[PDB]
Amino acid sequence: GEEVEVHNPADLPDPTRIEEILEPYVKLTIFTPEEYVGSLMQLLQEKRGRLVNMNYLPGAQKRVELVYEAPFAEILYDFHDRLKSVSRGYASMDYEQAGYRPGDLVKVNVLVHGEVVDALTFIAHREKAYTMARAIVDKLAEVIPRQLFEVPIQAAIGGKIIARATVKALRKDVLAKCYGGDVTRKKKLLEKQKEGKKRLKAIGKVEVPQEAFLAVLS
Amino acid sequence: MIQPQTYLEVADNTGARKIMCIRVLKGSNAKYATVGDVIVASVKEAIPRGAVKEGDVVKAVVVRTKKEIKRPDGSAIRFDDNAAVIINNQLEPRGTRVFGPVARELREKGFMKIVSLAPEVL
Amino acid sequence: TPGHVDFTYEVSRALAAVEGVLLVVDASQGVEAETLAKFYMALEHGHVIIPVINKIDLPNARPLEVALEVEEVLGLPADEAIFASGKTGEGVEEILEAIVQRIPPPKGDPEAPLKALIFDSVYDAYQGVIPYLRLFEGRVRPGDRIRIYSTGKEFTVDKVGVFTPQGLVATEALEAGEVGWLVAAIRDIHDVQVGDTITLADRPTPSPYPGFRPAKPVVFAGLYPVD
RNA sequence: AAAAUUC
RNA sequence: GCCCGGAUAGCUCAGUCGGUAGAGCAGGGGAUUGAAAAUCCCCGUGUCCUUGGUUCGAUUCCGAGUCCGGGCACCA
RNA sequence: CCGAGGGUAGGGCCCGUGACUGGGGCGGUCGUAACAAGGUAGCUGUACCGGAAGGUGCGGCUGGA
RNA sequence: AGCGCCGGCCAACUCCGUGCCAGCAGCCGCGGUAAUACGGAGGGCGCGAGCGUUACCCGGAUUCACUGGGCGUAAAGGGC
RNA sequence: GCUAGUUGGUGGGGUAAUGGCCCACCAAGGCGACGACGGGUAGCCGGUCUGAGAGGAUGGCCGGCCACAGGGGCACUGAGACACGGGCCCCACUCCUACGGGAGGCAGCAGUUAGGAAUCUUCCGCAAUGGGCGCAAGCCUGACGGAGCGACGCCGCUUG
RNA sequence: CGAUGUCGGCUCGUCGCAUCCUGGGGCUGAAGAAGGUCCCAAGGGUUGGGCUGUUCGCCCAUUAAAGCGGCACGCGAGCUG
RNA sequence: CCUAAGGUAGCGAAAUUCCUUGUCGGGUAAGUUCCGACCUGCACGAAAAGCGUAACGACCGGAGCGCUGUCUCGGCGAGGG
Ligand SMILES: [Mg+2]
Ligand SMILES: [Mg+2]
Ligand SMILES: [Mg+2]
Ligand SMILES: [Mg+2]
Ligand SMILES: [Mg+2]
Ligand SMILES: [Mg+2]
Ligand SMILES: [Mg+2]
Ligand SMILES: [Mg+2]
Ligand SMILES: [Mg+2]
Ligand SMILES: [Mg+2]
Ligand SMILES: [Mg+2]
Ligand SMILES: [Mg+2]
Ligand SMILES: [Mg+2]
Ligand SMILES: [Mg+2]
Ligand SMILES: [Mg+2]
Ligand SMILES: [Mg+2]
Ligand SMILES: [Mg+2]
Ligand SMILES: [Mg+2]
Ligand SMILES: [Mg+2]
Ligand SMILES: [Mg+2]
Ligand SMILES: [Mg+2]
Ligand SMILES: [Mg+2]
Ligand SMILES: [Mg+2]
Ligand SMILES: [Mg+2]
Ligand SMILES: [Mg+2]
Ligand SMILES: [Mg+2]
Ligand SMILES: [Mg+2]
Ligand SMILES: [Mg+2]
Ligand SMILES: [Mg+2]
Ligand SMILES: [Mg+2]
Ligand SMILES: [Mg+2]
Ligand SMILES: [Mg+2]
Ligand SMILES: [Mg+2]
Ligand SMILES: [Mg+2]
Ligand SMILES: [Mg+2]
Ligand SMILES: [Mg+2]
Ligand SMILES: [Mg+2]
Ligand SMILES: [Mg+2]
Ligand SMILES: [Mg+2]
Ligand SMILES: [Mg+2]
Ligand SMILES: [Mg+2]
Ligand SMILES: [Mg+2]
Ligand SMILES: [Mg+2]
Ligand SMILES: [Mg+2]
Ligand SMILES: [Mg+2]
Ligand SMILES: [Mg+2]
Ligand SMILES: [Mg+2]
Ligand SMILES: [Mg+2]
Ligand SMILES: [Mg+2]
Ligand SMILES: [Mg+2]
Ligand SMILES: [Mg+2]
Ligand SMILES: [Mg+2]
Ligand SMILES: [Mg+2]
Ligand SMILES: [Mg+2]
Ligand SMILES: [Mg+2]
Ligand SMILES: [Mg+2]
Ligand SMILES: [Mg+2]
Ligand SMILES: [Mg+2]
Ligand SMILES: [Mg+2]
Ligand SMILES: [Mg+2]
Ligand SMILES: [Mg+2]
Ligand SMILES: [Mg+2]
Ligand SMILES: [Mg+2]
Ligand SMILES: [Mg+2]
Ligand SMILES: [Mg+2]
Ligand SMILES: [Mg+2]
Ligand SMILES: [Mg+2]
Ligand SMILES: [Mg+2]
Ligand SMILES: [Mg+2]
Ligand SMILES: [Mg+2]
Ligand SMILES: [Mg+2]
Ligand SMILES: [Mg+2]
Ligand SMILES: [Mg+2]
Ligand SMILES: [Mg+2]
Ligand SMILES: [Mg+2]
Ligand SMILES: [Mg+2]
Ligand SMILES: [Mg+2]
Ligand SMILES: [Mg+2]
Ligand SMILES: [Mg+2]
Ligand SMILES: [Mg+2]
Ligand SMILES: [Mg+2]
Ligand SMILES: [Mg+2]
Ligand SMILES: [Mg+2]
Ligand SMILES: [Mg+2]
Ligand SMILES: [Mg+2]
Ligand SMILES: [Mg+2]
Ligand SMILES: [Mg+2]
Ligand SMILES: [Mg+2]
Ligand SMILES: [Mg+2]
Ligand SMILES: [Mg+2]
Ligand SMILES: [Mg+2]
Ligand SMILES: [Mg+2]
Ligand SMILES: [Mg+2]
Ligand SMILES: [Mg+2]
Ligand SMILES: [Mg+2]
Ligand SMILES: [Mg+2]
Ligand SMILES: [Mg+2]
Ligand SMILES: [Mg+2]
Ligand SMILES: [Mg+2]
Ligand SMILES: [Mg+2]
Ligand SMILES: [Mg+2]
Ligand SMILES: [Mg+2]
Ligand SMILES: [Mg+2]
Ligand SMILES: [Mg+2]
Ligand SMILES: [Mg+2]
Ligand SMILES: [Mg+2]
Ligand SMILES: [Mg+2]
Ligand SMILES: [Mg+2]
Ligand SMILES: [Mg+2]
Ligand SMILES: [Mg+2]
Ligand SMILES: [Mg+2]
Ligand SMILES: [Mg+2]
Ligand SMILES: [Mg+2]
Ligand SMILES: [Mg+2]
Ligand SMILES: [Mg+2]
Ligand SMILES: [Mg+2]
C-alpha cells in the first residue's frame with residue numbers, strides 16, 4: 001500500500017513491504033564566479049543531483065551560474081561549511097524548490113549489543129549510507145560504559161550488516177591471587193567466568209545515558 | 001578560609017539555605033578560598049520551590065568569612081559567618097537580592113552585580 | 001538586517017522593505033565576500049544602492065583603492081558612491097540627505113483595500129506578539145478585523161505602532177506608505193510569512209504579492225533534553 | 001440408580 | 001588441564017554382547033462425530049555423532065576428535 | 001511584663017510521588033465448577049489441600065428427590 | 001433575516017451521495033449498496049433579532065417518600 | 001472524648017459600662033452522643049430560582065448587618081477609629097539614592113496588566129437629590145444625576 | 001629452611017625514559033586557534049575527595065598535567081596491621 | 001526418561017551468590033559497603049529447625065546530628081626521661 005509519513009525516519013514500513021521512496025530533491029541555483037564550477041560540480045556529484053543548464057550572467061566574467069536538483073539531506077550537509085570552503089567563501093546557493101524523488105531510500109539501524117537503539121537510527125543514500133556506517137559504530141566505542149561481557153555494537157539495515165562495533169567488558173578479576181602456579185588452578189577460575197560471561201549476556205538488557213550528542217550526531 | 005567540606009550559609013534568594021564547598025576554584029591545587037574567590041559546592045538546604053534544589057552542584061563566590069581578612073592599609077575585617085552567593089559561569093548571580101553585608105574585595109574582583117545588590121558593602 | 005548570513009531569513013525578505021540600502025565598506029580590511037554576496041542580494045531587488053568607502057579615520061587604511069576596487073569589481077558608479085568614516089563625525093554629514101534623494105519615497109494609496117505584508121516580527125511575546133512590515137497599500141487600525149491571506153485566520157486589531165525610536169508608539173491606525181507595527185492575538189508563528197498580513201477581514205485584496213512563506217518537515221527530529 | 005470434555 | 005559417563009526415529013529413551021534396530025509421545029491414512037478432541041484400525045521412518053583401525057563383515061570391538069553431562073583443579 | 005514575628009526541637013493529620021508488588025475493570029492457553037440428578041443434588045460457615053475453576057472433612061439450609 | 005430541528009420520545013419526508021466507511025448520539029440506537037437516523041438538495045415544522053450548544057440549580061424523581069416509599073421471594077428484620 | 005484563665009469565688013486593674021476582659025490569691029470545677037473536641041466548607045438576612053404544595057437550591061444587582069483595606073501587630077487623636085485615600089513597627093514586593101538614606105498601598109471612578117470561557121468609557125455635570133465646612137456669598141462632593149460600550153436580560157417596533 | 005618476615009597503607013625518597021605537563025623541532029589530509037604523528041628533551045611539576053583491605057579500577061570536582069616503570073613488585077632493628 | 005520419593009510454607013546476590021561492583025530503586029557531588037526490591041537459590045528451606053519478633057548486647061554492618069589536633073598542618077607550652 002501507499003504511505004505518507006513520518007518525519008523521523010526510523011519507523012517506515014519494512015522492506016518486506018516497500019517498493020517506493022522520496023527524497024525531496026530540490027535543484028538550486030548557485031551563482032558563482034569564474035570557475036569554482038569544477039570543484040563545485042563534483043561536490044554535487046557526491047550529493048548527487050541533477051543539472052538542467054542555467055547560464056553565465058555577463059561579466060564580471062567570473063560571473064556564472066548552475067541549476068541543480070539534489071536531495072534535501074545530501075544538499076544540506078554537503079553544502080555550507082563546505083559550500084564555501086570549496087569555493088573560497090564566494091558563490092552562493094538558494095534552494096527554494098521542492099521536487100520529489102523515486103530513487104532509493106535506505107535507512108540503516110544501529111545496534112548496541114544487539115539492543116537496537118532507536119535514537120541513533122539514521123537515514124542516507126545507499127552509497128552514502130554505506131559510507132557513514134563505519135563511522136557510527138566506530139565513533140561509538142568511546143561512548144558505551146562497560147558491562148560485564150564482550151559487548152556488541154553493530155550497525156545495519158533490514159537484516160544484513162553495514163557495520164560492526166565490539167565493546168570490551170572484561171570484568172576480569174579472578175586469577176589475581178593465584179601464585180604457586182598449578183596451570184590448572186588458573187583455569188578453574190576462568191571456567192566459572194566463562195559461564196558468567198555467557199549467562200549475563202542472555203539476560204543482558206543494556207543502556208546508555210545521554211552522550212548521544214556524541215554517538216550518531218556525527 | 002573556606003576549604004572542601006566547609007558548610008557556608010548562602011546569602012541570596014536563589015533558594016539555597018546552606019551549601020558545602022567541594023572544591024576551591026583557583027588553580028591546580030589551591031588550598032583555601034576566600035572573599036571574592038569562587039568555589040564549586042553542593043547544596044545542602046533548600047527552602048521548597050526554589051530553582052536550586054537540594055543536591056545540586058553550583059558555583060558560588062565567597063562573600064563573607066569568619067577568618068578576618070587583611071587589607072593593604074593594614075586594617076582588617078571579619079564576619080560572624082562564612083557566606084556565599086550562587087552564581088553561573090558567566091560569573092553573575094542567579095539571585096536577585098543579596099542578604100547581609102559583603103566585603104569590599106568583591107569589587108575589584110569584578111562582582112559588581114553583587115556589590116550593588118548589597119545592603120552594605122563593608 | 002540581521003547581521004551575518006543569515007541564510008537569508010532577514011537578509012532578503014526584509015530587503016523588500018527598504019527604499020535605499022546604504023552599503024558600508026571599510027577602507028582598512030578592504031572588501032569581503034559577505035560584502036559582495038549581499039550586494040547581489042540587494043542588487044537583486046532593484047533599489048538605490050548608495051555606496052560608501054569606510055573607516056578612513058584609521059591611519060593605515062587604504063580608502064581610494066576601495067572605491068576603485070568596488071569600481072570594477074562591484075560595478076558601482078565610481079564617482080557616485082560617497083565617503084564618510086563612522087568613528088569620525090565623518091562622511092556622515094551628507095549621509096541622510098543623500099539617502100533621501102537617492103531614495104524615492106514610498107508609494108501606495110493608504111485608504112485602499114488592505115494588502116499589508118511586513119518584512120519581520122517581534123520576538124517572544126510570551127505574553128503577546130507584535131508585527132512589523134509596511135502596509136504599503138491600505139491602512140489598518142483599532143476596531144479593525146485583520147485577515148492574513150493564505151488560510152486566514154482572522155485576528156482583530158488591538159493597536160498599531162509605529163514605535164518611535166525610543167520605542168513602540170501609539171497611533172490610531174497604521175496608514176499606507178507608512179511603515180509601522182500591528183496587533184494582536186496572532187499567537188501562531190507558523191502560518192505567518194513576511195509577504196502575508198491581510199487585511200481588514202471584510203475586504204480582501206485579491207492576491208498576496210507576496211513575500212511568502214514557510215516550510216514543511218522535518219529537520220529536527222528530537223531536540224531531546226539530557227539529564 | 002448416569003465413564004465420556006468442548007463449540 | 002585431569003577423571004568418569006554419554007551421543008540410536010521429529011522429541012524423550014531402550015538395546016545388541018559382531019550380520020536384517022525397538023519403545024513412548026508427536027506425524028500420517030482411515031474410522032467414529034453435526035463438528036474438535038478422547039477413543040478405535042492401519043503406517044512408516046534411522047547413513048545408531050565424526051575420523052581411523054581390527055574384522056568376510058561394525059550401531060556393537062579398538063584408537064582419536066567434537067560436543068554434552070558429572071566429579072577434581074589442593075598446600076601456599 | 002506582654003508582644004508581631006523569626007529561630008531550635010519533637011509530634012499529628014493531609015496531598016503529591018516511588019524500584020516493586022497486590023488485586024480490580026475493559027478489549028489467545030488450560031481445563032469444565034455452576035445452570036437439567038449439569039452427569040458426584042446445590043448452596044453455605046469453616047478448616048485443610050490443589051495449576052485453575054475447585055475437591056474433601058465437620059455441621060447447617062431447600063433456594064434439592 | 002436568521003437559526004434549530006424533520007427514525008421514536010417530538011411538530012415536521014421525498015431524491016441523490018456514501019456502503020459498519022465517512023459520520024450521527026441525550027437515550028433507544030443508526031451506518032455492513034434502495035438509510036424518512038450519515039453528507040447535500042427539494043419540501044416541511046418550530047421559533048424569530050434572534051435561534052442553538054455547554055455549564056450549573058429546581059423540576060419531572062412519592063428515586064430520602066412530613067405531605068408521600070419500603071424490608072417472605074426484587075436492596076432491606078439485628079443470630080438470640 | 002475536650003478544657004489550667006480551664007469553671008466559680010474574692011480583692012484589684014480597666015472601660016462609657018457588665019464580664020477570666022486582664023492580674024494575685026482561694027475552691028475543683030466547666031463542656032459533651034440533645035454530638036462537645038477536631039476536620040471540611042461558607043460572609044448572614046430582606047430576598048431569588050424552581051415546585052401543585054410541602055420541599056429543594058441559592059444570597060448577583062438593591063436594602064439591612066457584619067468583616068477587611070498588600071500579609072501581620074500596635075496604639076495615638078478624638079463624641080466616635082485601634083481609622084481604605086491618618087500614625088508607628090515587622091514581612092513580602094515596587095520605586096528613588098550622592099549608598100548615608102528615603103518614598104509607596106485602586107477591594108474609590110475611569111484605566112493598565114496577569115489569570116480566565118468571560119466581564120464596560122483614562123466620558124459629562126454639580127442642573128437635580130444627598131453629604132461636609134461656612135453668618136452668608138460660595139467652596140468641596142468620580143456619592144450622585146446622566147451619557148458611552150456589550151443582544152447580557154426583559155419589554156416594545158421594523159424589514160411592508 | 002641452626003629463618004633472607006607477606007599484600008595494601010603511611011613516611012622518606014632516589015633513579016630510568018619507552019615524556020603525562022611544561023621547553024625546541026619536522027611532516028600533516030598544518031588557513032587561523034585547536035589537533036594528529038614522529039623527533040630532540042629527565043630541569044622542575046605531576047591536586048582534592050566517594051567505593052573497596054585493596055594494588056587496580058570506576059566515579060565526583062578541578063587541572064598546564066592529573067605519566068609509566070626500577071630500587072628484595074624500595075622502605076615493618078622506620079610506623080601501621 | 002528416571003527415582004525410595006523428587007524441596008511444600010516461608011525466605012532468597014543472604015554470616016549461604018561462584019560468574020559479581022548481577023539488575024532496579026534509596027541515600028552521597030561521587031556508594032565494590034549499607035538499606036529496599038527482583039529471583040539466573042554455581043550450592044536457603046523447615047527442631048544440625050524455617051520465617052518473624054518488642055526488650056536486651058563492652059557483639060558486627062550502614063547513615064545523620066553534636067563536637068573535636070583524626071586530618072588540611074602544624075605550632076607553642078608543662079612535667080618524667
Ligand atoms: Mg609469584
Ligand atoms: Mg552541618
Ligand atoms: Mg544571610
Ligand atoms: Mg537530597
Ligand atoms: Mg542525590
Ligand atoms: Mg554584525
Ligand atoms: Mg576580516
Ligand atoms: Mg457434556
Ligand atoms: Mg477449550
Ligand atoms: Mg456440551
Ligand atoms: Mg534424541
Ligand atoms: Mg496419532
Ligand atoms: Mg481423524
Ligand atoms: Mg447447521
Ligand atoms: Mg568404522
Ligand atoms: Mg593436606
Ligand atoms: Mg595455595
Ligand atoms: Mg511568642
Ligand atoms: Mg511563635
Ligand atoms: Mg523579625
Ligand atoms: Mg501510591
Ligand atoms: Mg503514600
Ligand atoms: Mg460441570
Ligand atoms: Mg459440583
Ligand atoms: Mg454436580
Ligand atoms: Mg463431571
Ligand atoms: Mg465445605
Ligand atoms: Mg502444579
Ligand atoms: Mg483432596
Ligand atoms: Mg455435608
Ligand atoms: Mg427545535
Ligand atoms: Mg413526528
Ligand atoms: Mg444532524
Ligand atoms: Mg441510498
Ligand atoms: Mg435525529
Ligand atoms: Mg438527512
Ligand atoms: Mg424582542
Ligand atoms: Mg435532576
Ligand atoms: Mg411535568
Ligand atoms: Mg422530592
Ligand atoms: Mg413532587
Ligand atoms: Mg434510588
Ligand atoms: Mg412517610
Ligand atoms: Mg420503593
Ligand atoms: Mg430473625
Ligand atoms: Mg452480621
Ligand atoms: Mg453479630
Ligand atoms: Mg492565675
Ligand atoms: Mg487547687
Ligand atoms: Mg443542647
Ligand atoms: Mg469566605
Ligand atoms: Mg453567585
Ligand atoms: Mg448587598
Ligand atoms: Mg492593615
Ligand atoms: Mg501596613
Ligand atoms: Mg491587616
Ligand atoms: Mg472631633
Ligand atoms: Mg475597623
Ligand atoms: Mg491604617
Ligand atoms: Mg485606596
Ligand atoms: Mg478600578
Ligand atoms: Mg476594566
Ligand atoms: Mg486582561
Ligand atoms: Mg487570555
Ligand atoms: Mg456602567
Ligand atoms: Mg450638587
Ligand atoms: Mg446641593
Ligand atoms: Mg437592544
Ligand atoms: Mg628458606
Ligand atoms: Mg633444618
Ligand atoms: Mg643465622
Ligand atoms: Mg637472621
Ligand atoms: Mg587507598
Ligand atoms: Mg627520548
Ligand atoms: Mg608522546
Ligand atoms: Mg608538532
Ligand atoms: Mg609540540
Ligand atoms: Mg582547518
Ligand atoms: Mg597552530
Ligand atoms: Mg623532566
Ligand atoms: Mg620524575
Ligand atoms: Mg585523584
Ligand atoms: Mg562517607
Ligand atoms: Mg577492580
Ligand atoms: Mg595544554
Ligand atoms: Mg618511584
Ligand atoms: Mg622481599
Ligand atoms: Mg617482582
Ligand atoms: Mg616489597
Ligand atoms: Mg614489625
Ligand atoms: Mg608491610
Ligand atoms: Mg630491615
Ligand atoms: Mg589482620
Ligand atoms: Mg587488631
Ligand atoms: Mg536445594
Ligand atoms: Mg517455592
Ligand atoms: Mg537473590
Ligand atoms: Mg548489592
Ligand atoms: Mg560502581
Ligand atoms: Mg553487589
Ligand atoms: Mg545501586
Ligand atoms: Mg544510585
Ligand atoms: Mg540520587
Ligand atoms: Mg546519584
Ligand atoms: Mg569505608
Ligand atoms: Mg538487602
Ligand atoms: Mg548457597
Ligand atoms: Mg541453614
Ligand atoms: Mg532435619
Ligand atoms: Mg531472620
Ligand atoms: Mg509478632
Ligand atoms: Mg531483633
Ligand atoms: Mg556481649
Ligand atoms: Mg599533633
Ligand atoms: Mg612539644
Ligand atoms: Mg620537658
# chains A, B, ... in the order shown; residues from 1 in each chain; ligands from 1
call {"tool": "interface_residues", "arguments": {"of": "chain C", "to": "chain A", "cutoff": "8 Å", "atoms": "only C-alpha atoms", "output": "list in words"}}
result
residues 33, 34, 37, 73, 217, 218, 221, 226 and 227 of chain C
call {"tool": "write_last_selection", "arguments": {"atoms": "C-alpha atoms", "output": "mmCIF file, in the first residue's frame"}}
result
data_model
loop_
_atom_site.group_PDB
_atom_site.id
_atom_site.type_symbol
_atom_site.label_atom_id
_atom_site.label_comp_id
_atom_site.auth_asym_id
_atom_site.auth_seq_id
_atom_site.Cartn_x
_atom_site.Cartn_y
_atom_site.Cartn_z
ATOM 1 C CA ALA C 33 32.688 38.113 0.240
ATOM 2 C CA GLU C 34 29.783 38.729 2.555
ATOM 3 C CA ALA C 37 27.172 38.400 -1.880
ATOM 4 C CA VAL C 73 34.555 44.610 -9.090
ATOM 5 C CA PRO C 217 9.057 18.962 7.907
ATOM 6 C CA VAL C 218 11.179 17.880 9.379
ATOM 7 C CA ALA C 221 13.604 15.239 14.787
ATOM 8 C CA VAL C 226 19.654 15.389 28.649
ATOM 9 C CA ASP C 227 19.849 14.654 32.382
#
call {"tool": "residues_near_ligand", "arguments": {"ligand": "ligand 115", "cutoff": "10 Å", "atoms": "only C-alpha atoms (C1' of nucleotides) and all ligand atoms", "output": "PDB file with N, CA and C atoms (P, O5', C5', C4', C3', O3' and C1' of nucleotides), in the first residue's frame"}}
result
ATOM      1  P     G J  75      55.561  21.770  63.851  1.00  0.00           P
ATOM      2  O5'   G J  75      55.158  23.010  64.741  1.00  0.00           O
ATOM      3  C5'   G J  75      55.312  24.304  64.215  1.00  0.00           C
ATOM      4  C4'   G J  75      54.569  25.280  65.052  1.00  0.00           C
ATOM      5  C3'   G J  75      54.948  25.257  66.501  1.00  0.00           C
ATOM      6  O3'   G J  75      56.158  25.921  66.737  1.00  0.00           O
ATOM      7  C1'   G J  75      52.615  25.317  66.309  1.00  0.00           C
ATOM      8  P     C J  76      57.233  25.268  67.719  1.00  0.00           P
ATOM      9  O5'   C J  76      56.663  25.710  69.129  1.00  0.00           O
ATOM     10  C5'   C J  76      56.490  27.092  69.324  1.00  0.00           C
ATOM     11  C4'   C J  76      55.555  27.416  70.436  1.00  0.00           C
ATOM     12  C3'   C J  76      55.865  26.818  71.771  1.00  0.00           C
ATOM     13  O3'   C J  76      56.948  27.446  72.386  1.00  0.00           O
ATOM     14  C1'   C J  76      53.573  26.703  71.382  1.00  0.00           C
ATOM     15  P     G J  77      57.869  26.604  73.379  1.00  0.00           P
ATOM     16  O5'   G J  77      56.945  26.329  74.637  1.00  0.00           O
ATOM     17  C5'   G J  77      56.590  27.383  75.507  1.00  0.00           C
ATOM     18  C4'   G J  77      55.541  26.913  76.469  1.00  0.00           C
ATOM     19  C3'   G J  77      55.923  25.756  77.372  1.00  0.00           C
ATOM     20  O3'   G J  77      56.824  26.075  78.423  1.00  0.00           O
ATOM     21  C1'   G J  77      53.815  25.326  76.492  1.00  0.00           C
ATOM     22  P     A J  78      57.853  24.952  78.960  1.00  0.00           P
ATOM     23  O5'   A J  78      56.993  24.093  79.969  1.00  0.00           O
ATOM     24  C5'   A J  78      56.215  24.752  80.952  1.00  0.00           C
ATOM     25  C4'   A J  78      55.412  23.776  81.757  1.00  0.00           C
ATOM     26  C3'   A J  78      56.204  22.603  82.270  1.00  0.00           C
ATOM     27  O3'   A J  78      56.948  22.922  83.408  1.00  0.00           O
ATOM     28  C1'   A J  78      54.194  21.833  81.349  1.00  0.00           C
TER      29        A J  78
END
call {"tool": "residues_near_ligand", "arguments": {"ligand": "ligand 69", "cutoff": "10 Å", "atoms": "only C-alpha atoms (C1' of nucleotides) and all ligand atoms", "output": "PyMOL selection string"}}
result
chain I and resi 1+3-4
call {"tool": "write_last_selection", "arguments": {"atoms": "N, CA and C atoms (P, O5', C5', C4', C3', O3' and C1' of nucleotides)", "output": "PDB file, in the first residue's frame"}}
result
ATOM      1  P     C I   1      70.031 -22.080  55.199  1.00  0.00           P
ATOM      2  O5'   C I   1      68.446 -22.298  55.155  1.00  0.00           O
ATOM      3  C5'   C I   1      67.558 -21.637  56.055  1.00  0.00           C
ATOM      4  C4'   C I   1      66.362 -22.494  56.405  1.00  0.00           C
ATOM      5  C3'   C I   1      66.663 -23.860  57.018  1.00  0.00           C
ATOM      6  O3'   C I   1      66.818 -23.768  58.424  1.00  0.00           O
ATOM      7  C1'   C I   1      64.769 -23.910  55.524  1.00  0.00           C
ATOM      8  P     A I   3      69.696 -19.560  60.786  1.00  0.00           P
ATOM      9  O5'   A I   3      68.834 -20.322  59.687  1.00  0.00           O
ATOM     10  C5'   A I   3      67.403 -20.272  59.650  1.00  0.00           C
ATOM     11  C4'   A I   3      66.856 -19.245  58.691  1.00  0.00           C
ATOM     12  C3'   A I   3      67.196 -17.838  59.135  1.00  0.00           C
ATOM     13  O3'   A I   3      67.145 -16.941  58.035  1.00  0.00           O
ATOM     14  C1'   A I   3      64.900 -18.199  59.417  1.00  0.00           C
ATOM     15  P     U I   4      68.367 -16.947  57.002  1.00  0.00           P
ATOM     16  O5'   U I   4      68.114 -15.655  56.134  1.00  0.00           O
ATOM     17  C5'   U I   4      68.105 -14.380  56.735  1.00  0.00           C
ATOM     18  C4'   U I   4      67.439 -13.399  55.820  1.00  0.00           C
ATOM     19  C3'   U I   4      65.932 -13.338  55.907  1.00  0.00           C
ATOM     20  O3'   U I   4      65.452 -12.607  57.015  1.00  0.00           O
ATOM     21  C1'   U I   4      66.550 -13.502  53.668  1.00  0.00           C
TER      22        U I   4
END
call {"tool": "residues_near_ligand", "arguments": {"ligand": "ligand 78", "cutoff": "12 Å", "atoms": "only C-alpha atoms (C1' of nucleotides) and all ligand atoms", "output": "ChimeraX atom specification"}}
result
/A:81-82,85 /I:28-35
call {"tool": "residues_near_ligand", "arguments": {"ligand": "ligand 67", "cutoff": "12 Å", "atoms": "only C-alpha atoms (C1' of nucleotides) and all ligand atoms", "output": "list in words"}}
result
residues 126, 127, 128, 129, 130, 131, 132, 138, 139, 140, 141, 143, 144 and 145 of chain H
call {"tool": "select_by_dssp", "arguments": {"residues": "range 138-183 of chain A", "states": "strand (DSSP E or B)", "output": "ChimeraX atom specification"}}
result
/A:151-157,160-167
call {"tool": "residues_near_ligand", "arguments": {"ligand": "ligand 6", "cutoff": "12 Å", "atoms": "only C-alpha atoms (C1' of nucleotides) and all ligand atoms", "output": "compact mmCIF listing (two decimals) with C-alpha atoms, in the first residue's frame"}}
result
# COMPACT_ATOMS: atom_id res chain seq x y z
CA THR C 1 19.16 43.45 8.54
CA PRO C 2 20.09 40.55 10.63
CA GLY C 3 23.81 40.82 10.51
CA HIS C 4 25.55 37.64 9.50
CA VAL C 5 24.49 35.20 6.91
CA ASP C 6 21.86 34.81 7.92
CA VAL C 24 29.12 50.19 4.04
CA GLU C 34 29.78 38.73 2.56
CA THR C 35 30.16 42.22 1.23
